[PDB]
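In the structure tokens that follow, a single protein chain appears in two forms: structure 1, then structure 2.
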Structure 1
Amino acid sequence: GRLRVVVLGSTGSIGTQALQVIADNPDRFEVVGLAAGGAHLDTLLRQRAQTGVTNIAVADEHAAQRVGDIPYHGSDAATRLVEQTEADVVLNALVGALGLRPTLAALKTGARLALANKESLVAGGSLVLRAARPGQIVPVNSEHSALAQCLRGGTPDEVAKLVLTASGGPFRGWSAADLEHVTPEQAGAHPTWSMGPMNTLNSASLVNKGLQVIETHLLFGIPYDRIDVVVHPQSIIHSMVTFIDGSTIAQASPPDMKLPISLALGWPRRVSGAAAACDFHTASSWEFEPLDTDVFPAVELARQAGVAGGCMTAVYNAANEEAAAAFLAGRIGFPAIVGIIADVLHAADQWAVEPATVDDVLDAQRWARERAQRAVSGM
């Protein structure tokens, strides 16, 4: 009853939290593989030494050289590790487009895919879906973990609406006027979670929410007009399902990713002590407010891309990555991230064709990146 776990992106936030869950629960889990990029070698060496796992992939060839003895090195190291390691669960916590091929490799093996890497579902679309058995993909993000728990509240035909919650970002309440003046560091701190410069920016622009709506449709098969977003500044309620009789079932916990991680690794079984529970011996308040879809149209823009289907969500994602890098570099303003997403989706006519192979997906992203660059060039 012990699950063999491959951890991809082991040195990041999710990767390290997942290793602590596995360390705490040797009854339930064992690490059998680690993959990293090569940029934090001290962490990875520390992880090799602490877990005793030598079955390691490192993307950067130079960093893998620097370390020596690494059995998998290069841009396909993570994919090859997954292909050649027997495991029950593959945790994909890699960042960006490079999570796609290791996602596809993992699905092919039969292992449960515990998915933090959103880009692989968002961009992979039906390519990833065709490769997956029912229930094989288990979401790691707290919103989707919340949804999966809440769906147990009824049969599938009893689902009326999925309700995703959003923190609302640092600029909740701000008008369009004052969104123009946002600096790369004003969008650099998140109220409840501590994440990377990209992932914290995606919370500020509401594109992380947009992307999660896409993932929600792809994970659970609920239509886009039945997936709602509500602003909940506290991030204690992580999501809800409303049923056909009027009942809403909600999931709540203090923000700690170890909870959704442990549940994604152990699914369907809950992992005793994974995280602290809500304390009802002290006063608290859960506030909800409607999202401002005029100032923050990134979610509706994600529905539009999602309804168009095929490779259009790959376009929505890839356009974001490029426009976001331009923001962090200092080349474009804050509102220009979503404005450029809009302009790129409007030109992306051809990319509504369903992908047959990874290259179709790769072809759409290439186009979107270029088109996104051309839009940046114009300002």
Structure 2
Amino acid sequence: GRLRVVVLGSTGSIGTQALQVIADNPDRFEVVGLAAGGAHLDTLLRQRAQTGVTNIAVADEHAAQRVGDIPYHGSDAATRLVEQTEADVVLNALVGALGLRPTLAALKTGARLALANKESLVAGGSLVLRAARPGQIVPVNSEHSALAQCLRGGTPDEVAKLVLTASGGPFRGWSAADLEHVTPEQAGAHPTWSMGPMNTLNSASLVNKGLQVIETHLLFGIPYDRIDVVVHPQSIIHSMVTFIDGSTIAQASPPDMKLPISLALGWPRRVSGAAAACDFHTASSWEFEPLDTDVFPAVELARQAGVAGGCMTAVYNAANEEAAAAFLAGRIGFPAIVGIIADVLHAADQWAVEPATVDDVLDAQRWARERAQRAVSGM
């Protein structure tokens, strides 16, 4: 039958790709709602015009002054749309803190939650897990998608290891000496139309993989000591699962986010023709190498934060966002990003308590930001 989809974060990379998948498959999906932040209001209104979907939300009341016929506008417009719209799937592709409440509201409706928003698990942690029922959250990220597919190779009891693949970023194989010279431009700072300035940087620092390890733990309930990372520069294998008998199951495809997006939307049913398959008519090789954790300790720190628990992973992420933004502005050097994450984490044990409310989480991030700010300025 046809799945009713609410698209939250409709004007971003994931949201617009999802809308293409939906447009290509009207047999499988219909859009029933759209939510955006306000900065790309003209895109959202063009989406209303094209899809015929009048059920739209704009978070920015000031931006909403421009339109006059938005049913939901202002702070928590996306949450109210989720609360009041009948749907089968909520795609949460909102960015940052504003994704958290809509995740919670979506879980409450009982819909499937196709999750792209990182803050929901990384910051929200136990608030989100306590609210979610088994299998309700389907991840959109290609690594987590790969894991969800490979886990079909046995029972939960048969799992020995989850193995996440990492590109290695631009500085794969570089020494600690090399990393001292890293400029913002080298670490992927360009005014790219597509993605956030932090996405390329987090991949270079290995914080992205740290964040993915944390999400892997919460999604699949596997201990941090059984979650491994391997470097794989080709990015064809998106992740693997090792089972108790010694067998490893891996998922492979040429990079294309429409594959994991389509599957997240249609879960558990695959969507015919979503992506190109691996072609074996031409020679290739898939390479693996250990991550140098002495030079790139960002994953080890993510495990330390995750094992600590509570609001510690929110601290890790908020410390990163401040330090990484500081590097991009020329206030610190590249090695200091993860250096500062560590120093803030090591002073953050008051935050190991479990959050009771969204505000608890917001309080931890606030503390982490200003702690990171002090470490940057030397104050």
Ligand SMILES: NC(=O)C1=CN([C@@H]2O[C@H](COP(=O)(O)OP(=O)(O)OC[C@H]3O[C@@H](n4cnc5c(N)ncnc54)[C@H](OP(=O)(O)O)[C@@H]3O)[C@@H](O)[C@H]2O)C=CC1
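Residue indices: 1-based, along structure 1. In this text, the rigid core denotes the largest set of C-alpha atoms whose superposition between the two forms falls within 1.5 Å.
Legend: structure 1 corresponds to the form solved in complex with the named molecule, while structure 2 does not. In the core-aligned comparison between structures 1 and 2, the C-alpha of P191 is the only one from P191, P254, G309, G154 that shifts by 2 Å or more.
Relative to the superposed rigid core, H346 undergoes a CA displacement smaller than 2 Å between structures 1 and 2. The two forms, fitted on the rigid core, differ between structures 1 and 2 by less than 2 Å at the CA of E30. With the core fitted, the CA of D60 sits 2.3 Å away from its counterpart between structures 1 and 2.
Relative to the superposed core, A336 moves its CA by 1.6 Å between structures 1 and 2.
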